[PDB]
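We did not get these values from a lab; they are worked out from the coordinates using the rules stated. Here the Cβ positions follow ideal geometry from the backbone for every residue, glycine too, while neighbour counts run over all protein chains shown.
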Ligand SMILES: [Ca+2]
Ligand SMILES: [Ca+2]
Ligand SMILES: [Ca+2]
Ligand SMILES: [Ca+2]
Ligand SMILES: [Ca+2]
């Protein structure tokens, strides 16, 4: 019961207005009530509301100009008074007039020496999905979000700075990105920079980080505000000559590479959770960058790397299919021929030249198993645990399979030193998950592998919520069959000789694999025939064929949102490969600078065609 | 690596501007600076740029009029100076002012007797996918593409001929077809032909080939500039009488037939790689033509051809199922009953009257197989190897099957003369590929075979990319089963007694074919049930049904671009049938001329019915005139609106 | 015809082609005469030269397409000047003929999806087409864009 108390308090605000004679006269513009009640009687006008009101706030809140002017005389000091506590802390009456976008009360309040640095630190202003808005803390920031120019111009001209910060360290620039109205707030961003008159030694207001260290450029990259990203790009590109329909631009390439430790754009984009931020990669100075980092310098190191893992798994299976085996030892088949097995796993036999070769490749797998683990030690000692799941889902959700591959290789190394019995079960998981993990490289070789996105997209979700409705209809019917052949001799119809196999036996019928039980020579009981017919027309005609059409629908609701995933995942393949690989190979891309006397920043260039009918309509 | 060295030279330019006092004063119109720096000191203005500029070039390139006018007084000769090396060779400043669509400096430059005959032989001017433009060479050609009429007109009045050619041999006309803005360049093509006032006795400019021998008429057909192709068709049609709403014109039909050696349109249409070039077959003198070539004289020779192929294969199978067989010779089944086979193939037994009949038909298949190779001797010896693949994919992608059919028939003709043992292994490939090769005739016999295009279209691509993700999941799990039934006695569950069959065994479980291994009488190990259900849930519940839906969506993205492939493939079938077939049957198409007093050109007439369109012709006449599922459909327009609007 | 747009050339070229009955590239008195009196009325064969010599810039007795185009420049299209419908038509029109067709509008909607039926596309074009050729002008397309 957290949000209920907010509503509980909010009705309690009204009742105080309903019972105080001043405040209800403050809610309306009952001038002669306020004429008579104020000057005559001897009452204290410092009556706080339910959430800490004054009389001047209510007149401000219910847009009541002329009542506030009469309040100016009797209240020389209520201008300086803030609101009291726990939701609206410090919200003075200067703020509330700004939210109603004008009253010319700012005229009155700044005539009444109102402070412009009182900070609204209340609960209902912090950035949260509980509140429906976010307006910062300072009264300048209130005027900025409602897009009201002449109030903003007024506030600079009375001594308001433009460099205040919130609890999160956000400037007034950062607030404009988080507004939901995009194009109607882009104009404000140019206006406030015009009042950056003082050339400061520290930074020129555009490089100010927050408490998690973000320039307003990068924060717009995080939130996917494309139109704002497009407009701030304009001040960093630098145009060279133009030649008819050609144009030679020169993008800046400073805060968008992985040069610094800040990582500054691209690790910030792929580690988002929001969907819309992946749209940024289609913009012009970025899409050109990663296409150069992949067509050159990314693809051959990747495919040469994926060839190495392919030679690893082959070396594993060769030292898998040759195992030290012997014939069965002295224990003959003691159950009555329900016990057929014949080999049992040699103890300490190595004395062949053949086993020397097998010893070599077996050590190759073990040394490789250690290498996988030591890479992943600094990974999950820093990036939490569920924080790693936030890294996981997008483009690298295998990343534990290669971990659980390594545990199974270690256990079978531990197993043969102990020389214990059940050594076939760790070899099993270490063999499927080995070959399944090469599907990680389906991003490569061409765009002939985005299946590994879609098969991921469908093994979760679509199969998974279909699996339970399998798992109950099988659970009755299999249990129904174990009763119905309880009487019978299992020498015929060995499908159902006991309950635990009868589930798995029924499971083969649900997917149309086993042939379906029949004997034709012994009359099987008369309740089977009705029941098993009822099984088929649910399972292999209604239930399964539902899954194809349900699969058939979901294939083309993700037509568009499949292809951009693939080009997103290459970026995730790129930067991870850049981060773990040292230099003196595939250098920091783009053209180096300051040899041309241009700056320490590095650059790259793009040509294009204007399609000059746009020039020709430009009348 | 090559693109950076182009780019690095470009940044290398700007440093030369930022260090020179002259050219930086030439980038801006700093006339106060430009006046004092030139006339006072003793410094030459021959300061070459990094890509070999002159100072006169820069004012044009940064479009600065009033600076270069001052430069004319100091520099009488630098108009004649070209640019230096390896990207912009011979580019004079007359080019650059033209590309800026005016400067009224062409006034001043031609006042300084500037040559109009300079050639820009540089690197970045050649036609290439590296460059983004193609303006040709000559300054007349540069004015052609930016579509500036008076700039063109001014150049004819200074002795600029229109018959310049590039290294490709293209005229100025051929440049205009390759320009991407199509109808806005259609107007220039009429303007330049008006300046062919001197009818030269060679050809009147509309017939000049390039170095690969192409008219400007044919060139639009290669590149699919249909609107330009529509316009050049207009000068060839020759209309007769009109009758109310009827009209009977008479199309030209000269450069679109397979009469000459030039091959003239149709082979050049089908041999391209471009997809949009196939569109020309919808246009009016062509679509009408090949229907007449097909319904008359095209279909009935084609169907009568294929039936001879049908009696060929039938004659092969009869001499396939009858082979000389003996019972098994003296060697008994020496492995312990794991070696059941019983005949081993008679050695030199023909001495029967029955097998002489078999001797007849077995020769005929050999005789026909030689003929197949005799058709395909010149084809491989001329049309490259990759060049043959360009022929392959569009309309003839079988064409090696019929080659390999000719191999295996000649193998089994060799194989019985030496009379070695392994004679069945060519006889398999020489049989299935034979019956599959009759599917070549699915184009004909009606439009009830465009499948053979889609089954081509889908066996590559879709099934091809699906085969790998089979081939690894099966490769682990088959290797998984061999480990767990390694311990077992294969007298029960004889699926997995050895490794190479276990892959083949697993392959049948993946496609829901074999029964699924179970015994119910002997207990199988406890790792089987965990592995197998995990195999079943991927292979025949997740992976395979994913194929159908992935096959589902790709059926109707290509519903429209399938049917025109069929109608394209008839035309490609038609011409190949014409080329390798002599005349004195199915005569040269259309109606012959010059008996009617017209000329050696041959023609066909087309009747058509127009419409009136009364509501549109009122507003043009008044321009002369002096002093349901509607809400369903409009919601789609709203869906067209909301998806496009800004978002 | 100081400045025009591609569509304005292309549609007027279709007008000039429809108006030129014999396809000689010129317009004579006989040609303009019949099609004008096809439409109900009849000018008395003196207005016809008074139609041509009003507009014939060189007095050659013929109206070539440039003279036809600059006449329509004086009978100029209205003030429907935009920028996005201009861009929207370029993405739709593949070959750039100036007339978005049936199969083209099927093609662009297919890449967006929604599975339009063949009859449903014909319901779109026939209502949007003002004059009735089964093809949408640039002028016809903006009237579906702005309001209904
Ligand atoms: Ca079966
Ligand atoms: Ca005419
Ligand atoms: Ca004229
Ligand atoms: Ca079109
Ligand atoms: Ca129309």
Residue that is surrounded by the most Cβ atoms within 10 Å (Cβ to Cβ) [pool: residues in the stretch A:398-431 that are within 11 Å of another protein chain (Cβ to nearest Cβ) and within 20 Å of residue A:364 (Cβ to Cβ)]: A:431
Residue pairs meeting the criteria (Cβ under 6 Å; at least 6 apart or on separate chains; first within 10 Å of another protein chain (Cβ to nearest Cβ) and closer than 24 Å to residue B:509 by Cα, in the stretch A:505-524; second more than 16 Å from ligand 4 (Cβ to nearest atom) and in a helix (DSSP H, G or I)): A:505/A:495; A:510/A:474; A:510/A:539; A:511/B:536; A:512/A:540; A:514/A:508; A:517/A:495
Subset tally (residues that are out of contact with any strand residue (DSSP E or B) (no Cβ under 9 Å at 6 or more places or on another chain) and crowded, with 16+ Cβ neighbours inside 10 Å) for the stretch B:233-253: 0
From the options C:47, C:114, C:67, residue that is within 9 Å of another protein chain (Cβ to nearest Cβ), on the phi < 0 side of the Ramachandran plot and either more than 16 Å from ligand 4 (Cβ to nearest atom) or touching a helix residue (DSSP H, G or I) at 6+ places or on another chain (Cβ under 6 Å) (or both): C:47
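Can you find even one residue in the stretch C:1-15 that is within 16 Å of ligand 3 (Cβ to nearest atom) and out of contact with any helix residue (DSSP H, G or I) (no Cβ under 7 Å at 6 or more places or on another chain)?
So the first thing to find is which residues in the stretch C:1-15 are within 16 Å of ligand 3 (Cβ to nearest atom), and the list is C:1.
Pick out the ones that are also out of contact with any helix residue (DSSP H, G or I) (no Cβ under 7 Å at 6 or more places or on another chain) and you get none.
Scanning the stretch C:1-15, I find no residue that is within 16 Å of ligand 3 (Cβ to nearest atom) and out of contact with any helix residue (DSSP H, G or I) (no Cβ under 7 Å at 6 or more places or on another chain), so the answer is no.
Being within 7 Å of chain A (Cβ to nearest Cβ) and either away from ligand 5 (no atom under 16 Å from the Cβ) or within 20 Å of residue A:342 (Cα to Cα) (or both) narrows it down to one of B:532, B:482, so name that one. Before you say what the answer is, go through the steps one by one.
Numbers: B:532 fails: within 7 Å of chain A (Cβ to nearest Cβ).
Exactly one of B:532, B:482 is within 7 Å of chain A (Cβ to nearest Cβ) and either away from ligand 5 (no atom under 16 Å from the Cβ) or within 20 Å of residue A:342 (Cα to Cα) (or both), namely B:482.
Okay, residues lined up against (1) crowded, with 17+ Cβ neighbours inside 10 Å; (2) within 16 Å of ligand 2 (Cβ to nearest atom); (3) farther than 30 Å from residue C:4 by Cβ:
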site	(1), (2), (3)
C:110	yes, no, yes
C:114	no, no, yes
C:120	no, no, yes
C:128	yes, no, no
C:133	no, no, no
C:144	yes, no, no
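Within the stretch A:576-603, work out how many residues are under 26 Å from residue A:305 (Cβ atoms) and within 13 Å of another protein chain (Cβ to nearest Cβ).
The initial filter retains those residues of the stretch A:576-603 that are under 26 Å from residue A:305 (Cβ atoms), namely A:576-590.
Then drop every residue that is not within 13 Å of another protein chain (Cβ to nearest Cβ), which leaves A:586-587, A:589-590.
Counting residues in the stretch A:576-603 that are under 26 Å from residue A:305 (Cβ atoms) and within 13 Å of another protein chain (Cβ to nearest Cβ) gives 4.
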Any chance residue A:540 is within 14 Å of chain B (Cβ to nearest Cβ), outside any helix (DSSP H, G or I) and over 30 Å from residue A:391 (Cβ atoms): no
Selection count, the stretch C:91-102, where residues are within 8 Å of another protein chain (Cβ to nearest Cβ) and either loosely packed, with under 14 Cβ neighbours inside 10 Å or at positive phi (or both): 2
Helices (runs of 4 or more DSSP H) wholly inside the stretch A:404-501 containing at least 2 residues that are over 39 Å from the mean Cα position of the chain (by Cα): A:464-484
Single condition residue C:79 does not satisfy, out of (1) out of contact with any helix residue (DSSP H, G or I) (no Cβ under 8 Å at 6 or more places or on another chain); (2) away from ligand 4 (no atom under 16 Å from the Cβ); (3) in a helix (DSSP H, G or I): (3)
Positions within the stretch B:502-528 being more than 16 Å from ligand 1 (Cβ to nearest atom), surrounded by fewer than 15 Cβ atoms within 10 Å (Cβ to Cβ) and in a helix (DSSP H, G or I), in sequence order: B:504
Unmet requirement for residue B:148, which otherwise passes all of (1) crowded, with 20+ Cβ neighbours inside 10 Å; (2) closer than 22 Å to residue A:241 by Cβ; (3) in contact with a helix residue (DSSP H, G or I) (Cβ under 9 Å, 6 or more places away or on another chain): (1)
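If you go through the stretch C:122-134, how many residues are within 16 Å of ligand 4 (Cβ to nearest atom) and either facing chain B (nearest Cβ under 9 Å) or touching a strand residue (DSSP E or B) at 6+ places or on another chain (Cβ under 7 Å) (or both)? Please lay out each step first, then the result.
Initially, the stretch C:122-134 is screened for residues within 16 Å of ligand 4 (Cβ to nearest atom), giving C:124-125, C:128-129, C:133-134.
Next, from what is left, pick out any that are either facing chain B (nearest Cβ under 9 Å) or touching a strand residue (DSSP E or B) at 6+ places or on another chain (Cβ under 7 Å) (or both): C:124-125, C:128-129, C:133.
Qualifying residue count for the region: 5.
Inspect the stretch C:28-42 for any residue being within 16 Å of ligand 3 (Cβ to nearest atom), out of contact with any helix residue (DSSP H, G or I) (no Cβ under 7 Å at 6 or more places or on another chain) and assigned to a loop (DSSP other than H, G, I, E, B) and give the result as yes or no.
Filtering the stretch C:28-42 down to residues within 16 Å of ligand 3 (Cβ to nearest atom) leaves C:28-32.
Right, trim to out of contact with any helix residue (DSSP H, G or I) (no Cβ under 7 Å at 6 or more places or on another chain) and you get C:28, C:30-31.
Now drop any that are not assigned to a loop (DSSP other than H, G, I, E, B), which leaves C:28.
Within the stretch C:28-42, one or more residues are within 16 Å of ligand 3 (Cβ to nearest atom), out of contact with any helix residue (DSSP H, G or I) (no Cβ under 7 Å at 6 or more places or on another chain) and assigned to a loop (DSSP other than H, G, I, E, B).
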Cβ-Cβ under 6 Å pairs, at least 6 apart or on other chains, the stretch B:305-333 side farther than 12 Å from residue B:361 by Cβ, far side assigned to a helix (DSSP H, G or I): B:306/B:441
Members of the stretch A:581-613 that are touching a helix residue (DSSP H, G or I) at 6+ places or on another chain (Cβ under 8 Å) and exposed (fewer than 12 other Cβ atoms within 10 Å of the Cβ): A:581, A:597
